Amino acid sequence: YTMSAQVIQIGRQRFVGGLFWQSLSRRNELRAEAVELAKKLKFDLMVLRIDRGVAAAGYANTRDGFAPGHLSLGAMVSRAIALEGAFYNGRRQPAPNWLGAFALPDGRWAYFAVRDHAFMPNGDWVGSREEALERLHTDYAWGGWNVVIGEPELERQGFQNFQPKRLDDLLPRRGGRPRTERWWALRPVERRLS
């Protein structure tokens, strides 16, 4: 019972970071494949991230402090960036390869790393500002990134292509009111009886 997950309260919405991300084959019904992989990888909770650019599952375990109904912060940010792209190499365009770090309302930071529109396996992390920046710089060294998207203060880091962005800018809304999309929610991975 590691209980490493701590909910992120953003207004009325309860988000989580730290899912394990698994790209799917695209050869089988995506949900059924995701369920099979969850059993093998030993996770009892999942979210599906599906659109024209991605077919992936984000996984967690109840024993690690995650729960059905927790909203995937990664799912939200991933889709938001899929929708708006980013400015890099002289134009606003889709950004398949992006990294970012965002300040959270309680002082923690979220770190994201996405390649070919899909999260890297551990590219969804929440913790201290210092460790988030450390992870950011570490993945950045690999190269092949379109853009760094995140907290405006990261301007100062001197990344080649930087896109300032706050989580608040990305949340979908009803006028001023944040909307929750149901698909962000972790749901139980159904298992047959033995």
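The first residue of the shown sequence is 1; numbering continues from there.
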query	finding
Given 83-91 and 106-114, the range whose Cα B-factors average higher in the PDB entry	83-91
Comparing 24-32 with 53-61, the one whose average Cα B-factor in the PDB entry is higher	24-32
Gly175 CA temperature factor, ranked by third within the chain	highest
Lowest, middle or highest third - CA B-factor, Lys40	lowest
Third of the chain's Cα B-factor distribution that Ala67 belongs to, per the entry	middle
For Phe162, the third of its chain into which the C-alpha B factor falls	highest
Record-listed C-alpha B factor of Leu133: chain third	highest
